[PDB]
Amino acid sequence: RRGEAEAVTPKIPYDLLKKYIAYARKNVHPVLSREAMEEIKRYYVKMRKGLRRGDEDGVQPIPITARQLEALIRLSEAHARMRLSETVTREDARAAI
Amino acid sequence: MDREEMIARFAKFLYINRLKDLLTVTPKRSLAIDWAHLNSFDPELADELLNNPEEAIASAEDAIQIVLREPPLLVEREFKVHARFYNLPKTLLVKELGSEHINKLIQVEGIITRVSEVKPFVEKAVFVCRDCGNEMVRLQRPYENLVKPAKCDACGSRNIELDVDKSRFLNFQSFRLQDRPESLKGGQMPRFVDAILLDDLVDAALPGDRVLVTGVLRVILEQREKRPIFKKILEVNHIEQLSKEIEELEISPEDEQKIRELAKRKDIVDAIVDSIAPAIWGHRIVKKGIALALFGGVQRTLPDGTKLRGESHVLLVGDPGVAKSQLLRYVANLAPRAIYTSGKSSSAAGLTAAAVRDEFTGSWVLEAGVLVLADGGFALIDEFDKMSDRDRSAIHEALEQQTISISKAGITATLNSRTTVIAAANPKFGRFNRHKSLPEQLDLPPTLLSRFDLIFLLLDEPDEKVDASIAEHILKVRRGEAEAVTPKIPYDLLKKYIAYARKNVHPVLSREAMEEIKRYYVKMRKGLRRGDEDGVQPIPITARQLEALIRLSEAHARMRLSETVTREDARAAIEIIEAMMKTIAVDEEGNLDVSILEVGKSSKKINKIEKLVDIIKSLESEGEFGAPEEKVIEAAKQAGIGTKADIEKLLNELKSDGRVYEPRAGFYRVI
C-alpha cells in the first residue's frame, strides 16, 4: 500500500514474461530422455507397493493410476518449457515429483 | 422449359420388350427406363430432365400413353404409367446433400431408420357445396396441408365439403434415410432426410435396410417468418438396393496379394493381436478374444427351423477407471459396419427398435436402433449396464435369434439383428471383488450374461510388481517418443484383412479338430465331483459353451485365411475358453456356470435349506411372529451354514425377491 519497489516491482517485466509465454510454446518442445524416465520409475512403484492396498478398501479409488501418470509427464515438460532446454533431465522430472 | 418438345422426344424414344412385358401384369404400373439408353438417344433431353424434373416426368407420363395407343401397340385400358430412372450418373450422399439440390433430380444412397404404415391419401381433391351446383378442383401434396375454400366461388354458401366419389386416392408412406455406417468415418454424425413413398413405392423396404433411391428433392412449409422452410421432402421416384457390391469394401487386387502374403507369413495370429490396439499395453488374452470376435464362424443352416449363428458376442466387464474404451474406439475404427455408441444412445429407440410418434405426421413411426442399422457388422456399445427398460426386454431375442420383434398399433416387424456385439459394462460398485461372483456385481440380468461367448476381466494391477513397471516404460515411449506405437499391420490394411476373411474364407472342421473338442468336453464333464446331495447339482460345462467353442475354433482358422480347422485352432480356442472359465464362472473349486443363474449352486443349496429351517421354525413358532431371526441364525451356525455374517447377507436378497421377509427386528418368516 505504501509503494515500495521491493514488494511491487518484479524481477522481469510483465510485458517481457507475456512475450516469454507465447514464444516458448512455438519453437522449443521438450522430449523425453533416458535419465528422466528412470526417476519416474522409482516414484511410481514406491507410491503403490503396499500404499496401494492401504489406501483402497476394495472399492475405493487408487491414489496414482495411469491417468495420474499423464498429469506427471505433462508437468515434466512444463518445468522444461520454463527452461527452454528442449530436453528433460532427472532433476527436471524431480521438480515434477 | 420446352415442355412440349420433351413430349415429342420421349415419344420418339419410346426397351420395347420391357414395355411389352409391363402390360401383361396388372399390379405393376411402372416402367424402369435406364439413364444410359436416354443419353444414347438424346443427351440434351437427359440434361433438361435434371434441371426441370417435374415437367420432364410429366412429359414422360403422357408420351408413354401415346406409345400405349400406338398402331403397333394398342391397349384399350390406358392407365398413367410412371417413369422410373435406374442409375443416375451421380450418386449423392446424405452428408453431402445441400440446398442446391432442391427441385433437382438426385440419386442418394443411405439406410432406412424410420418407417410408417400404409395410409390413404387424396391427390386431386374436388369439393362440392350444398344448396348450389358449383364444384372446384384442387390438387394437394402429402407434405403440404389440405387446402380448404372458405366460401363457394358461385355464391359463397359456406358449405364446402370433400366428396370422395370423384377424388383420386393414393397410398402414402413416409420413411427416413440416414447415412450408412460403413461409409461414415468416426467423429462424424449421420444426417437424416425425411422422404415420402407414393402409390407404387409403398412398402419398398424395412428399417435398417440400405437402399439406393432416385427422386426429386421437393420442399415444403416455406413460411416467410413463421418457419424457414424447415421441412424437406425426397419425392422418391425409383428405389433399389445398393447392397450390390457398392456397399462392399474397395478391396484392391494389388492389396489382395498383400492379404494372401499375410497368410503365408509366420505368427500372423501373433501379428494380428499386436496390430489390434498397440497403444494400450497388455491384455493379450483380451486382445485374442477381440480378434476372435472380429472374425466369425460359418452360419450353418438347419432344415429343422433354426439357423446356427456365427456371431461371437464379447462383453468386457473390466473396472471403472481403466481405459475400457480405447479397445472399443480402435476396433470401431477397424471393424466394418461398426457403430460406436453408448448405453444412453440419446435416441427414443435405443439399442433395439421402438415405435415412436412422428413430428411430421401424426401417425405412428417405427424407429430402428443400433442393433438394426449395424446388421451384418458390429455394434460396439459402451456402458452396457446402463440400458433402457424396453431395451432390456428385447436384448435376449436380439442376441440369440438375431431378430427384434416389436408390435404396435398397425406396426409389426421382425427386424434382423445379426450384429456381433462388443459390449462393455461397468460394475455398479467401486471395483470388481474377487470374493464375489460376476453377476452379483453387475447390473445386467443373468440370462443376458450367458448370451456372450467370452467375458474378460480388465482388472488393474493389484500391486507394483514387474507388470506395472514395464507398463510405465511403454507409456513414456508412447507420449514422449511415439516410436513403439506403430502396429505390425496398419489399420487400413488390417481392415481389408478382416472383411476379406469374413466374405471369402469359410472354414470347415476336420476330424482331428472334432476329436480335440470332444475330448475336452468329456474331460470337463467328468471333472465334476458329486459332493452334494438332496439339492441342486452343479454343472461344469453347458452345451451352450460347446457351441461357443466351435465358433472360436472357426474364427481362428478364418484368422490366418485357412479353409479348414485343424487341432491347432481347436487347442487355441480351448485355452482361451479355459482361461475365460477360470476368471469368471467359478464356484470355489468347481468352475461352475454361475452365469446362467447369477448365483452359485452351493449358494442355492445354502439359501434353500435356510428357508427350510425358517419354515419348520415358523410352524413350531418359537417367537410370536413365527420364527425369530435370532433363533434361525444360531441354528444355522449349528447346522453348518456359516457365521453371523453370511446368513444375514443371505436374508436381504430373500426379502428383495420375496422369499423370506422380516416382520420386525429380530423376526423373519418365509412367504
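Top to bottom, those sequences are chains A and B. Just so you know, we're using this note's numbering here: the first sequence kicks off at 443 and counts up by one. Just so you know, we're using this note's numbering here: the second sequence kicks off at -5 and counts up by one. Here a beta-carbon is modelled for each residue, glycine too, at the ideal position from N, C-alpha and C.
Spatial neighbours of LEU586(B) in its own chain (CB-CB distance under 8 Å, excluding positions within 5 residues in sequence) are listed in chain order as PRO532, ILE533, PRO534, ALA579, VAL580, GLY594 and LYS595. Taking a contact as a CB-CB distance under 8 Å, the pair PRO440(B) and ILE284(B) does not count as one, their CB atoms being some 24 Å apart. Straight across, the Cα-Cα distance linking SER527(A) with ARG476(A) is about 16 Å.
For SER463(B), the chain A residues whose Cβ falls inside 7 Å of its Cβ are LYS483 and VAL487, in order along the chain. Secondary structure of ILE274(B) (DSSP, three-state): coil. Along the region 248 to 310 of chain B, the beta strand (DSSP E) occurs as fully enclosed runs of 3 or more residues at 308 to 310, listed in sequence order. Taken through DSSP and simplified to helix, strand or coil, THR85(B) comes out as coil. Within chain A, the C-beta atoms nearer than 7 Å to that of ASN427(B) come from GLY500, in chain order.
For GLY209(B), the enclosing beta strand (DSSP E) stretches over residues 204 to 214.
In this structure, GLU361(B) places its C-beta atom within 8 Å of the C-beta atom of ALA342(B).
The DSSP-derived three-state label of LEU451(B) is coil.
One alpha carbon belongs to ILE266(B), the other to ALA513(A), and they sit about 32 Å apart. Look at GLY312(B): its C-beta is not under 8 Å from any C-beta on chain A. By the beta-carbon neighbour count (other beta carbons within 10 angstroms, threshold 16), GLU229(B) is buried.
Annotation for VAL120(B): the continuous beta strand (DSSP E) segment containing it runs 118 to 123. Burial check for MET(-5)(B): the Cβ neighbour count within 10 Å stays below 16, so the residue is exposed. Taking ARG496(B) as reference, the option from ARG351(B), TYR514(B), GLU103(B) and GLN293(B) with the minimal CA-CA separation is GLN293(B). Annotation: the region 474 to 516 of chain B contains the following complete segments of the alpha helix (DSSP H) (minimum length 4 residues), in chain order: 485 to 497. Taken in chain order, the complete alpha helix (DSSP H) segments of 4 residues or longer contained in the region 580 to 630 of chain B are 595 to 614. The way I'd put it, the region 166 to 174 of chain B does touch the region 188 to 197 of chain B; three or more beta-carbon pairs between them come closer than 8 Å. Apart from sequence neighbours up to five positions away, the residues of its chain that approach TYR486(A) with a beta-carbon distance below 8 Å are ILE506 and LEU511, ordered along the chain. Residue contact with chain B for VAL470(A): absent (no Cβ-Cβ distance below 8 Å to any residue of chain B). For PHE7(B), the enclosing alpha helix (DSSP H) starts and ends at -3 to 7. Within its own chain, the residues whose Cβ lies closer than 6 Å to the Cβ of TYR655(B), once the five positions on either side in sequence are excluded, are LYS649, listed in chain order. If you draw a 10 Å sphere on the C-beta of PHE224(B), you find fewer than 16 other C-beta atoms in it, and that means exposed. Here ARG445(B) really is in contact with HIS307(B); their C-beta atoms are around 6 Å apart, less than 8 Å. Secondary-structure assignment with DSSP links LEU164(B) through a beta bridge to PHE115(B). Ranking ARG554(B), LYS643(B), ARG185(B) and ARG204(B) by CA distance to the CA of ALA257(B) puts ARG554(B) first. Rounded to whole angstroms, the separation of the alpha carbons of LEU156(B) and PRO114(B) is 15 Å.
Taken through DSSP and simplified to helix, strand or coil, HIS76(B) comes out as strand. Less than 8 Å separates the beta-carbon of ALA347(B) from that of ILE398(B). Under the 8 Å Cβ criterion, the region 462 to 470 of chain B does not count as touching the region 247 to 263 of chain B, having fewer than three qualifying pairs.
Taking 8 Å as the threshold, the shortest C-beta distance from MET524(A) to chain B does not fall below it. Under DSSP, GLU234(B) shares a beta bridge with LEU206(B). With respect to the C-alpha of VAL196(B), the residue from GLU241(B), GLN134(B), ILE270(B) and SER110(B) having the closest C-alpha is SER110(B). Per DSSP, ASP376(B) is not a residue of any alpha helix (DSSP H); the beta strand (DSSP E) it occupies stretches across 372 to 376.
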